[PDB]
Amino acid sequence: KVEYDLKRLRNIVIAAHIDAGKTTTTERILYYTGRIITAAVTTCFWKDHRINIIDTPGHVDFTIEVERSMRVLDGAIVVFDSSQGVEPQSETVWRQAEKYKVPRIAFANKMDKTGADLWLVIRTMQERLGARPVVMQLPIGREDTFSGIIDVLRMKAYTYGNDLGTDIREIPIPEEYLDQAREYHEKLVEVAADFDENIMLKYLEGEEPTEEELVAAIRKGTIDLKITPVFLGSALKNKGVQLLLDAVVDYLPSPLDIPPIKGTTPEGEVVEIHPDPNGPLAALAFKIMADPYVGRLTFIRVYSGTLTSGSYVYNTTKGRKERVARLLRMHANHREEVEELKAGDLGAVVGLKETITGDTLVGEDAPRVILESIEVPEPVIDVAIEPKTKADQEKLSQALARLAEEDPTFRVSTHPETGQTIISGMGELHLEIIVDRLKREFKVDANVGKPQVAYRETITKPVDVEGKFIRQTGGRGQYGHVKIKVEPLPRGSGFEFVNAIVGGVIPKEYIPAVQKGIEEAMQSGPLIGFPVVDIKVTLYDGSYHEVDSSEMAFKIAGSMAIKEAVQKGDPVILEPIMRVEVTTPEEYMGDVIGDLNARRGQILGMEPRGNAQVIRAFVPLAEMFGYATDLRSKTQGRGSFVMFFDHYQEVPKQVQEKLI
Ligand SMILES: Nc1nc2c(ncn2[C@@H]2O[C@H](COP(=O)(O)OP(=O)(O)O)[C@@H](O)[C@H]2O)c(=O)[nH]1
Ligand SMILES: [Mg+2]
């Protein structure tokens, strides 16, 4: 309730370059829809349509929380600062909106400000974005006298008594603006004829289209990604935001309007999931929020069926039932408990202990589908962290072995030499965000480090070696003696320990101890100090002493054998051969072609999209540290990229020997 209808849903995101007015716009929209922050989806009502506003924290738009977020939204409002029109970053959200295929309208904000110019937005949408903007509105007045808005679709005008959002009036268009309005109204009809036959047979014949035909035609052209209708105003001075809301219901898609999502069955079939509220239940968890009134709050989008309060669902990623205790929607100022969330909709569930973000939720006796591929992409960027004193070290762990319940993609450790904390993400950007999600969100006044990569080490030759630790030490003898064979495993397989000891040759008691010694020595390779992988260790012989043998003793002997196996094993360096997706204006095609090659790369194939290009690439993350402000140095602040893991390769000859 209000009575759910799919055609009246409107799932949107507000996207924008930093400082353009994303938050102000959101906030005024929550003010205007509430007459009658935190939350990952806030819901509201306008005319008779539910608007679900999806939050997308992203001071930069490059990461991996925006391949999930863009599967969960249907439409978007792109907000330009009007003094600039498009900036770098406007350019780059346009690219993602284009790549994932999401209908959008533009809001030229800050029309009250000094510099503001409708036309620079539009001209700069045409040139640099290839957008096909259509002028839906003209401004009455300039900067400090900006005072009214003309709807060129309907040939009506609005004036604003004040800056409080509290006195709006429908006027006939001032005489001194009429010819400009008629100019841009006829441009609108011309655009409308390219998506509707009947409008074309009216234009030729000298006839005004009904406003409903026009709305329907611009709607159709918007949703099939052909035009971007542009509105303006000032969210700060409260003009135009109620007409922006009217444009959300007129032009932005319901869940009926975009192609259904695709999921995978365990039997491998890629399948379309239709937005049918009475089909089986399929849903995505897209964000987990430690919430301070009900606790763990998992936000979901329903794609199919109906999720019900106090029913069970089955998490196909994990392998387990979970009770949905409660269902909530978040409004601007309040929470609302609801009995159900149906196809097309978003909300939060309470209950749910082991569902983390990206997990698919299904019926219980519903077809087990997966919506996001099974994979935790490897942790490939380590980092040093000084918190400072004992009111920091003790309370940094407070929100790391607690804060990972929200993002469990990352890991934490402690270098084999330096007794400290090391943090591990999956790309330069991924980690830029995490240290200062914490000094702020946990009042940890603490010391910044700089980031390193995560190579590995392994052998390429079966060896046979030994490890003795024999020492008078601590006013007693220590004796431990192991013999191991160590063998390459195929890349990826990980670790294997085989115990082939014959009859007390090493006492059992101590065979765990040797194992402990091997994994601890495995943390540090000989070439370059990094962890060893993809080996089969086989303990086949050794000896002991009747009083002097100990666990400590056999632990070090195991460390020493494995240390020595790796050095004697024709060792070798594994680097992460990882995958970019460099978007770039066609003009700088060759410039980032040859820059990505002077950081080691075999280019996989570049395909064209929009008024630009998409150079997918192989590049070891090591020679890409700080690619953000090097790509946007060689592409005039119009490039983007998106980065991730793919596999581990043996570095060729010279590469080995640069690292030492
Ligand atoms: N001049 C003026 N300032 C605005 C307008 N809209 C937003 N701002 C201001 O711009 C600054 C950044 O706005 P904010 O919504 O936080 O930007 P965001 O980074 O895109 O969330 C704040 O001072 C806002 O008050 C506008 O309509 N006119
Ligand atoms: Mg903001």
# chains A, B, ... in the order shown; residues from 1 in each chain; ligands from 1

call {"tool": "residues_near_ligand", "arguments": {"ligand": "ligand 1", "cutoff": "6 Å", "atoms": "only C-alpha atoms and all ligand atoms", "output": "JSON, numbers by chain"}}
result
{"A": [16, 18, 19, 20, 21, 22, 23, 24, 109, 110, 112, 113, 234, 235, 236, 237]}

call {"tool": "write_last_selection", "arguments": {"atoms": "N, CA and C atoms", "output": "compact mmCIF listing (two decimals), in the first residue's frame"}}
result
# COMPACT_ATOMS: atom_id res chain seq x y z
N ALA A 16 25.74 12.50 -10.79
CA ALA A 16 26.32 13.82 -10.94
C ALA A 16 27.79 13.91 -10.55
N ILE A 18 30.68 15.63 -8.48
CA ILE A 18 30.78 16.23 -7.14
C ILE A 18 30.61 17.78 -7.09
N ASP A 19 29.69 18.24 -6.23
CA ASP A 19 29.33 19.66 -6.02
C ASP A 19 28.28 20.25 -6.97
N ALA A 20 27.65 19.40 -7.80
CA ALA A 20 26.68 19.87 -8.79
C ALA A 20 25.30 20.01 -8.22
N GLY A 21 25.05 19.36 -7.08
CA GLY A 21 23.76 19.42 -6.42
C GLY A 21 22.99 18.11 -6.32
N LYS A 22 23.67 16.96 -6.34
CA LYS A 22 23.03 15.64 -6.13
C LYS A 22 22.22 15.53 -4.83
N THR A 23 22.87 15.87 -3.73
CA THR A 23 22.25 15.80 -2.41
C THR A 23 21.15 16.84 -2.17
N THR A 24 21.40 18.09 -2.57
CA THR A 24 20.40 19.15 -2.45
C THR A 24 19.17 18.77 -3.23
N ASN A 109 21.01 22.25 -13.03
CA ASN A 109 20.81 22.86 -11.74
C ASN A 109 21.60 24.15 -11.66
N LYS A 110 21.38 24.90 -10.57
CA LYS A 110 22.16 26.09 -10.24
C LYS A 110 21.95 27.21 -11.22
N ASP A 112 20.29 29.82 -10.71
CA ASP A 112 20.34 31.06 -9.91
C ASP A 112 21.75 31.62 -9.73
N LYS A 113 22.74 30.74 -9.87
CA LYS A 113 24.14 31.01 -9.60
C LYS A 113 24.69 31.84 -10.74
N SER A 234 16.76 25.49 -9.90
CA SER A 234 17.63 25.67 -8.76
C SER A 234 17.02 24.94 -7.60
N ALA A 235 17.70 23.90 -7.17
CA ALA A 235 17.23 23.06 -6.08
C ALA A 235 17.37 23.85 -4.78
N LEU A 236 18.41 24.69 -4.69
CA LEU A 236 18.64 25.56 -3.52
C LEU A 236 17.59 26.64 -3.34
N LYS A 237 17.24 27.31 -4.44
CA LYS A 237 16.23 28.37 -4.39
C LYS A 237 14.85 27.86 -4.67

call {"tool": "residues_around", "arguments": {"residues": "stretch 309-318 of chain A", "least_positions_apart": "6", "cutoff": "8 Å", "atoms": "only C-alpha atoms", "output": "PyMOL selection string"}}
result
chain A and resi 324-327+338-340+354-355+359-364+368-370+374

call {"tool": "closest_residue", "arguments": {"among": "A:222, A:56, A:393, A:242", "to": "ligand 2", "atoms": "only C-alpha atoms and all ligand atoms"}}
result
A:56

call {"tool": "atom_distance", "arguments": {"atom1": "atom CA of residue A:594", "atom2": "atom CA of residue A:635"}}
result
12.8 Å

call {"tool": "residues_around", "arguments": {"residues": "residue A:437", "least_positions_apart": "3", "cutoff": "12 Å", "atoms": "only C-alpha atoms", "output": "ChimeraX atom specification"}}
result
/A:57,396,399-400,403,407,430-434,440-444

call {"tool": "select_by_dssp", "arguments": {"residues": "stretch 100-315 of chain A", "states": "strand (DSSP E)", "output": "PyMOL selection string"}}
result
chain A and resi 104-109+133-135+137-140+148-151+156-160+168-171+228-232+261-264+270-273+282-289+297-304+306-308+312-315

call {"tool": "closest_residue", "arguments": {"among": "A:659, A:14, A:129, A:283", "to": "residue A:585", "atoms": "only C-alpha atoms"}}
result
A:129

call {"tool": "closest_residue", "arguments": {"among": "A:2, A:58, A:194, A:35", "to": "ligand 2", "atoms": "only C-alpha atoms and all ligand atoms"}}
result
A:58

call {"tool": "atom_distance", "arguments": {"atom1": "atom CA of residue A:365", "atom2": "atom CA of residue A:1"}}
result
26.5 Å

call {"tool": "residues_around", "arguments": {"residues": "stretch 92-98 of chain A", "least_positions_apart": "4", "cutoff": "8 Å", "atoms": "only C-alpha atoms", "output": "number ranges by chain"}}
result
A: 15-16, 61, 88, 102-104, 129, 583, 610, 638-640

call {"tool": "atom_distance", "arguments": {"atom1": "atom CA of residue A:41", "atom2": "atom CA of residue A:55"}}
result
6.0 Å

call {"tool": "select_by_dssp", "arguments": {"residues": "stretch 341-532 of chain A", "states": "helix (DSSP H, G or I)", "output": "JSON list (two decimals) with N, CA, C and O atoms, in the first residue's frame"}}
result
[["chain", "number", "residue", "atom", "x", "y", "z"],
["A", 397, "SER", "N", 40.68, -2.32, 15.33],
["A", 397, "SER", "CA", 40.10, -3.66, 15.33],
["A", 397, "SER", "C", 38.61, -3.66, 15.70],
["A", 397, "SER", "O", 37.88, -4.57, 15.30],
["A", 398, "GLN", "N", 38.18, -2.67, 16.47],
["A", 398, "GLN", "CA", 36.77, -2.52, 16.84],
["A", 398, "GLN", "C", 35.86, -2.46, 15.61],
["A", 398, "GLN", "O", 34.74, -2.97, 15.64],
["A", 399, "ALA", "N", 36.34, -1.81, 14.55],
["A", 399, "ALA", "CA", 35.60, -1.69, 13.29],
["A", 399, "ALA", "C", 36.45, -2.13, 12.10],
["A", 399, "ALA", "O", 36.69, -1.36, 11.16],
["A", 403, "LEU", "N", 33.45, -4.19, 10.94],
["A", 403, "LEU", "CA", 33.06, -3.48, 9.71],
["A", 403, "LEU", "C", 33.04, -4.37, 8.46],
["A", 403, "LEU", "O", 32.50, -3.97, 7.42],
["A", 404, "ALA", "N", 33.64, -5.56, 8.55],
["A", 404, "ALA", "CA", 33.69, -6.53, 7.45],
["A", 404, "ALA", "C", 32.37, -7.30, 7.28],
["A", 404, "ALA", "O", 32.16, -7.97, 6.26],
["A", 405, "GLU", "N", 31.48, -7.21, 8.27],
["A", 405, "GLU", "CA", 30.11, -7.71, 8.14],
["A", 405, "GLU", "C", 29.30, -6.92, 7.08],
["A", 405, "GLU", "O", 28.24, -7.39, 6.65],
["A", 428, "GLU", "N", 43.43, -0.10, -7.03],
["A", 428, "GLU", "CA", 43.86, 1.16, -6.38],
["A", 428, "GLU", "C", 42.67, 1.91, -5.77],
["A", 428, "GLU", "O", 42.74, 2.34, -4.61],
["A", 429, "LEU", "N", 41.59, 2.04, -6.55],
["A", 429, "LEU", "CA", 40.40, 2.79, -6.14],
["A", 429, "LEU", "C", 39.73, 2.17, -4.92],
["A", 429, "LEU", "O", 39.48, 2.86, -3.92],
["A", 430, "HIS", "N", 39.47, 0.87, -5.00],
["A", 430, "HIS", "CA", 38.86, 0.11, -3.90],
["A", 430, "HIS", "C", 39.39, 0.53, -2.51],
["A", 430, "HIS", "O", 38.60, 0.67, -1.58],
["A", 431, "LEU", "N", 40.70, 0.74, -2.39],
["A", 431, "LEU", "CA", 41.34, 1.04, -1.10],
["A", 431, "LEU", "C", 41.44, 2.52, -0.76],
["A", 431, "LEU", "O", 41.49, 2.87, 0.42],
["A", 432, "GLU", "N", 41.49, 3.37, -1.78],
["A", 432, "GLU", "CA", 41.48, 4.82, -1.56],
["A", 432, "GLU", "C", 40.31, 5.20, -0.64],
["A", 432, "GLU", "O", 40.41, 6.14, 0.13],
["A", 435, "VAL", "N", 40.26, 3.55, 4.21],
["A", 435, "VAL", "CA", 40.94, 4.07, 5.39],
["A", 435, "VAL", "C", 40.15, 5.26, 5.95],
["A", 435, "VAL", "O", 40.00, 5.40, 7.17],
["A", 436, "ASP", "N", 39.65, 6.11, 5.05],
["A", 436, "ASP", "CA", 38.77, 7.21, 5.44],
["A", 436, "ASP", "C", 37.29, 6.91, 5.17],
["A", 436, "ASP", "O", 36.55, 7.73, 4.62],
["A", 437, "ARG", "N", 36.89, 5.69, 5.53],
["A", 437, "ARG", "CA", 35.51, 5.36, 5.86],
["A", 437, "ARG", "C", 35.47, 5.05, 7.37],
["A", 437, "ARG", "O", 34.43, 4.63, 7.90],
["A", 511, "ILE", "N", 53.17, -33.86, 14.21],
["A", 511, "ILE", "CA", 52.94, -33.73, 12.78],
["A", 511, "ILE", "C", 52.08, -32.51, 12.49],
["A", 511, "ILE", "O", 52.29, -31.83, 11.49],
["A", 512, "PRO", "N", 51.15, -32.17, 13.38],
["A", 512, "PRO", "CA", 50.55, -30.83, 13.34],
["A", 512, "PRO", "C", 51.58, -29.71, 13.48],
["A", 512, "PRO", "O", 51.54, -28.76, 12.72],
["A", 513, "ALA", "N", 52.51, -29.82, 14.43],
["A", 513, "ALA", "CA", 53.53, -28.79, 14.62],
["A", 513, "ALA", "C", 54.33, -28.51, 13.37],
["A", 513, "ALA", "O", 54.56, -27.35, 13.07],
["A", 514, "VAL", "N", 54.74, -29.54, 12.61],
["A", 514, "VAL", "CA", 55.52, -29.30, 11.37],
["A", 514, "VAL", "C", 54.69, -28.54, 10.35],
["A", 514, "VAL", "O", 55.19, -27.63, 9.69],
["A", 515, "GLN", "N", 53.43, -28.94, 10.24],
["A", 515, "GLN", "CA", 52.43, -28.27, 9.40],
["A", 515, "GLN", "C", 52.31, -26.79, 9.76],
["A", 515, "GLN", "O", 52.26, -25.94, 8.86],
["A", 516, "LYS", "N", 52.24, -26.48, 11.05],
["A", 516, "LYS", "CA", 52.21, -25.09, 11.47],
["A", 516, "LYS", "C", 53.45, -24.33, 10.94],
["A", 516, "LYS", "O", 53.36, -23.20, 10.45],
["A", 517, "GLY", "N", 54.61, -24.96, 11.02],
["A", 517, "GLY", "CA", 55.83, -24.35, 10.59],
["A", 517, "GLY", "C", 55.91, -24.10, 9.11],
["A", 517, "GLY", "O", 56.55, -23.16, 8.68],
["A", 518, "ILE", "N", 55.27, -24.95, 8.33],
["A", 518, "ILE", "CA", 55.27, -24.81, 6.88],
["A", 518, "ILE", "C", 54.42, -23.61, 6.40],
["A", 518, "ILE", "O", 54.88, -22.86, 5.55],
["A", 519, "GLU", "N", 53.22, -23.44, 6.94],
["A", 519, "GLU", "CA", 52.37, -22.32, 6.49],
["A", 519, "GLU", "C", 52.91, -20.97, 6.91],
["A", 519, "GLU", "O", 52.75, -19.98, 6.18],
["A", 520, "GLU", "N", 53.56, -20.91, 8.07],
["A", 520, "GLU", "CA", 54.18, -19.67, 8.53],
["A", 520, "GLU", "C", 55.39, -19.31, 7.69],
["A", 520, "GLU", "O", 55.62, -18.15, 7.40],
["A", 521, "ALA", "N", 56.17, -20.30, 7.27],
["A", 521, "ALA", "CA", 57.29, -20.02, 6.38],
["A", 521, "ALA", "C", 56.81, -19.74, 4.97],
["A", 521, "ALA", "O", 57.53, -19.16, 4.14],
["A", 522, "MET", "N", 55.59, -20.17, 4.67],
["A", 522, "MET", "CA", 55.05, -20.00, 3.35],
["A", 522, "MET", "C", 54.64, -18.54, 3.14],
["A", 522, "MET", "O", 54.52, -18.09, 2.00]]

call {"tool": "closest_residue", "arguments": {"among": "A:255, A:654, A:266, A:105", "to": "residue A:221", "atoms": "only C-alpha atoms"}}
result
A:105

call {"tool": "residues_around", "arguments": {"residues": "residue A:173", "least_positions_apart": "6", "cutoff": "9 Å", "atoms": "only C-alpha atoms", "output": "ChimeraX atom specification"}}
result
/A:150,155-158,181

call {"tool": "write_last_selection", "arguments": {"atoms": "C-alpha atoms", "output": "short mmCIF file (atom, residue, chain, number, x, y, z; two decimals), in the first residue's frame"}}
result
data_model
loop_
_atom_site.label_atom_id
_atom_site.label_comp_id
_atom_site.auth_asym_id
_atom_site.auth_seq_id
_atom_site.Cartn_x
_atom_site.Cartn_y
_atom_site.Cartn_z
CA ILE A 150 8.66 27.70 -19.38
CA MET A 155 3.51 26.10 -23.79
CA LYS A 156 2.91 27.05 -20.15
CA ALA A 157 5.03 29.01 -17.72
CA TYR A 158 5.64 29.09 -13.99
CA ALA A 181 9.23 29.17 -26.77
#

call {"tool": "residues_around", "arguments": {"residues": "residue A:106", "least_positions_apart": "2", "cutoff": "9 Å", "atoms": "only C-alpha atoms", "output": "list in words"}}
result
residues 76, 77, 78, 79, 80, 104, 108, 133, 228, 229, 230, 231 and 232 of chain A

call {"tool": "closest_residue", "arguments": {"among": "A:527, A:107, A:555, A:331", "to": "residue A:657", "atoms": "only C-alpha atoms"}}
result
A:527

call {"tool": "decode", "arguments": {"residues": "stretch 496-509 of chain A", "atoms": "N, CA, C and O atoms", "output": "CSV table (one decimal), in the first residue's frame"}}
result
chain,number,residue,atom,x,y,z
A,496,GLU,N,48.6,-28.3,-0.7
A,496,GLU,CA,48.3,-29.7,-0.3
A,496,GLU,C,49.3,-30.1,0.7
A,496,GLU,O,50.5,-30.0,0.4
A,497,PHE,N,49.0,-30.7,1.8
A,497,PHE,CA,49.9,-31.4,2.6
A,497,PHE,C,49.6,-32.9,2.7
A,497,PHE,O,48.5,-33.3,3.0
A,498,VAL,N,50.6,-33.8,2.3
A,498,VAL,CA,50.5,-35.2,2.4
A,498,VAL,C,51.5,-35.8,3.5
A,498,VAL,O,52.7,-35.4,3.5
A,499,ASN,N,50.9,-36.6,4.4
A,499,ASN,CA,51.7,-37.2,5.4
A,499,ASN,C,52.1,-38.6,5.1
A,499,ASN,O,51.3,-39.5,5.2
A,500,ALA,N,53.3,-38.9,4.7
A,500,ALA,CA,53.7,-40.2,4.3
A,500,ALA,C,54.7,-40.8,5.3
A,500,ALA,O,55.5,-41.7,4.9
A,501,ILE,N,54.7,-40.4,6.5
A,501,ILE,CA,55.5,-40.9,7.6
A,501,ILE,C,55.2,-42.4,7.9
A,501,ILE,O,54.1,-42.8,8.2
A,502,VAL,N,56.3,-43.2,7.9
A,502,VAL,CA,56.2,-44.6,8.3
A,502,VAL,C,56.5,-44.8,9.8
A,502,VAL,O,57.7,-44.7,10.3
A,503,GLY,N,55.5,-45.1,10.6
A,503,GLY,CA,55.7,-45.8,11.9
A,503,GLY,C,56.6,-45.1,12.9
A,503,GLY,O,57.7,-45.5,13.1
A,504,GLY,N,56.1,-44.0,13.5
A,504,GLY,CA,56.8,-43.3,14.5
A,504,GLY,C,58.1,-42.6,14.1
A,504,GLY,O,58.9,-42.3,15.0
A,505,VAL,N,58.4,-42.5,12.8
A,505,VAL,CA,59.7,-42.0,12.5
A,505,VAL,C,59.9,-40.5,12.9
A,505,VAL,O,60.9,-40.1,13.4
A,506,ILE,N,58.8,-39.8,12.7
A,506,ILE,CA,58.4,-38.6,13.5
A,506,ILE,C,57.2,-39.0,14.3
A,506,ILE,O,56.3,-39.5,13.8
A,507,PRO,N,57.3,-38.9,15.7
A,507,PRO,CA,56.1,-39.1,16.5
A,507,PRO,C,54.9,-38.4,16.0
A,507,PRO,O,55.1,-37.3,15.5
A,508,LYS,N,53.7,-38.9,16.0
A,508,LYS,CA,52.5,-38.1,15.8
A,508,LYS,C,52.4,-37.4,17.1
A,508,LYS,O,53.0,-37.8,18.1
A,509,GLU,N,51.6,-36.3,17.2
A,509,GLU,CA,51.8,-35.3,18.3
A,509,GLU,C,52.4,-34.1,17.6
A,509,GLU,O,51.9,-33.0,17.6
